[PDB]
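Notes for the one structure printed next.
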Amino acid sequence: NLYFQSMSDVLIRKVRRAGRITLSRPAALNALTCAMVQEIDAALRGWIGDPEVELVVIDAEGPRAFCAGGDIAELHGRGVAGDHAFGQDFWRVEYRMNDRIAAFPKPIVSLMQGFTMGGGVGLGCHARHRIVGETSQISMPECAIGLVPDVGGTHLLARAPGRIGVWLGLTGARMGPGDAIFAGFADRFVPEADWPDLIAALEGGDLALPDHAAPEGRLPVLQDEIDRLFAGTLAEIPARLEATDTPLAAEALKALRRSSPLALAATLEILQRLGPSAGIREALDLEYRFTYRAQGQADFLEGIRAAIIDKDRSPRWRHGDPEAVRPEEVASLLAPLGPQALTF
């Protein structure tokens, strides 16, 4: 019943021909908990064999946010205390779900209003048909908290044209609906006033999606400068930014200066290993390597303390600048996990 789920953080049900997932926690911007991720993945798994399910539609309540990230305050407590296992387990099931969505045998449509960041990208941006609207703003601002973009984030980042993945990934920069499409985080623009009808039509198993131009964004014209500025390694990029008196370069440099140098360096290294041709599992695997080690070996806990727990915005990172991160140290964070390796 939807009545029996009137206190649940995600609404899971079939409506006509469609399995339906609606995030129902708008007061916390639909932030993802362990329990929600478990429930979504169970539902999807069970819909594989159900012949009444011809497709899945994923949506969310509230006008502010499809889904603004993982509910990660959970993870700092059970974390600075030495219990790294909570985060490790959570990421394991999350990344499995991200993979389940990506390779799902039946069509999945995502409709993502407002803010989609972090875990939210994992939930919506691997669907086969990803719809954005007028209020849609998508970013991966993980490095600002001492993590790499995860949940398959790196797969999408690596596939974006030229060096746009680098820029998005190291700076946490926003994409509106036009730029999300251009960059490959979504497929179609559809006005948000049309969405109740669209979803009804989809519930009836009609997979036709209406054709509209997205509003133009900044990426097509920024592409050339993105491609010049974000070439090479982190030993080269900050100096190139400093020489460039433009809003683009200046906003990027501030992001670089504020974020965890270790997370920046690892993000770049993941993107470089991946390239555009890799599948989602390569990416999840590399992300897990970092995130499995992040609580004890990287800046994640201090990142969360600064931004989420104490809110002083004054993180004290393991390194003083991106230029100072040793390659050997990135290599260790991204080394195979052996028996702890992610599996499907």
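In the structure tokens, the first chain shown is A, the next is B, and so on; residue numbers restart at 1 for each chain, and ligands run from 1 in the order shown.
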
(request) Report as a ChimeraX atom specification: the residues of stretch 81-320 of chain A with a DSSP assignment of alpha helix (DSSP H), based on the backbone of this structure. (result) /A:85-102,119-124,153-159,164-171,177-183,195-203,219-229,237-242,247-258,261-274,280-297,300-304

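Around stretch 41-46 of chain A, within 9 Å and counting only C-alpha atoms, the residues found are residues 12, 13, 19, 21, 36, 37, 38, 39, 48, 49, 50, 56, 93, 94, 96, 97, 98, 100, 101 and 104 of chain A, once anything fewer than 2 positions away on its own chain is removed.
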
Could the residues in this selection be written to a file with C-alpha atoms, as a PDB file, in the first residue's frame?
ATOM      1  CA  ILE A  12       8.133   1.410  -4.190  1.00  0.00           C
ATOM      2  CA  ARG A  13       5.164   0.020  -6.186  1.00  0.00           C
ATOM      3  CA  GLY A  19       7.634  -0.394 -11.547  1.00  0.00           C
ATOM      4  CA  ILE A  21      10.273   4.398  -7.440  1.00  0.00           C
ATOM      5  CA  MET A  36      16.537   3.356   0.814  1.00  0.00           C
ATOM      6  CA  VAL A  37      19.380   2.025  -1.292  1.00  0.00           C
ATOM      7  CA  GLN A  38      18.678  -1.553  -0.044  1.00  0.00           C
ATOM      8  CA  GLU A  39      14.977  -1.217  -0.851  1.00  0.00           C
ATOM      9  CA  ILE A  48      13.713  -8.287 -13.533  1.00  0.00           C
ATOM     10  CA  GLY A  49      11.590 -11.447 -13.606  1.00  0.00           C
ATOM     11  CA  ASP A  50       8.181  -9.851 -13.184  1.00  0.00           C
ATOM     12  CA  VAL A  56      10.756   1.389 -14.401  1.00  0.00           C
ATOM     13  CA  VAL A  93      25.524  -2.133  -1.769  1.00  0.00           C
ATOM     14  CA  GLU A  94      25.174   1.324  -3.313  1.00  0.00           C
ATOM     15  CA  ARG A  96      25.763  -2.683  -6.818  1.00  0.00           C
ATOM     16  CA  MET A  97      22.537  -0.772  -7.206  1.00  0.00           C
ATOM     17  CA  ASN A  98      24.189   1.754  -9.502  1.00  0.00           C
ATOM     18  CA  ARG A 100      21.891  -2.748 -11.500  1.00  0.00           C
ATOM     19  CA  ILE A 101      20.305   0.343 -12.829  1.00  0.00           C
ATOM     20  CA  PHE A 104      18.976  -3.175 -16.263  1.00  0.00           C
TER      21      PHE A 104
END

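Comparing A:266, A:157, A:112, A:201 by their smallest distance to residue A:23, the closest is A:112 (using only C-alpha atoms).
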
(request) Return the single residue from A:230, A:288, A:344, A:115 that is closest to residue A:180, with distances computed using only C-alpha atoms. (result)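 Once distances to residue A:180 are computed over only C-alpha atoms, the minimum belongs to A:115.
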
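Relative to atom CA of residue A:289, atom CA of residue A:321 is found at 22.6 Å.
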
(message) Given only C-alpha atoms as the basis, pick out the residue of A:81, A:308, A:68, A:6 nearest to residue A:27.
(response) A:68

(request) Determine the nearest neighbour of residue A:235 from the options A:304, A:177, A:322, A:92, counting only C-alpha atoms. (result)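 Among the listed residues, the smallest separation from residue A:235 belongs to A:322.
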
(request) Please return as a list in words: the residues of stretch 25-134 of chain A that backbone DSSP assigns to strand (DSSP E or B). (result) residues 32, 55, 56, 57, 58, 59, 60, 65, 67, 70, 108, 109, 110, 111, 112, 114, 115, 116, 117, 129, 130, 131 and 132 of chain A

(message) List the spatial neighbours of residue A:312 as a count of residues only - criterion: any atom at most 12 Å away, only C-alpha atoms, same-chain residues fewer than 6 positions off excluded.
(response) 5

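The gap separating atom CA of residue A:171 from atom CA of residue A:332 is 23.3 Å, in Å to one decimal.
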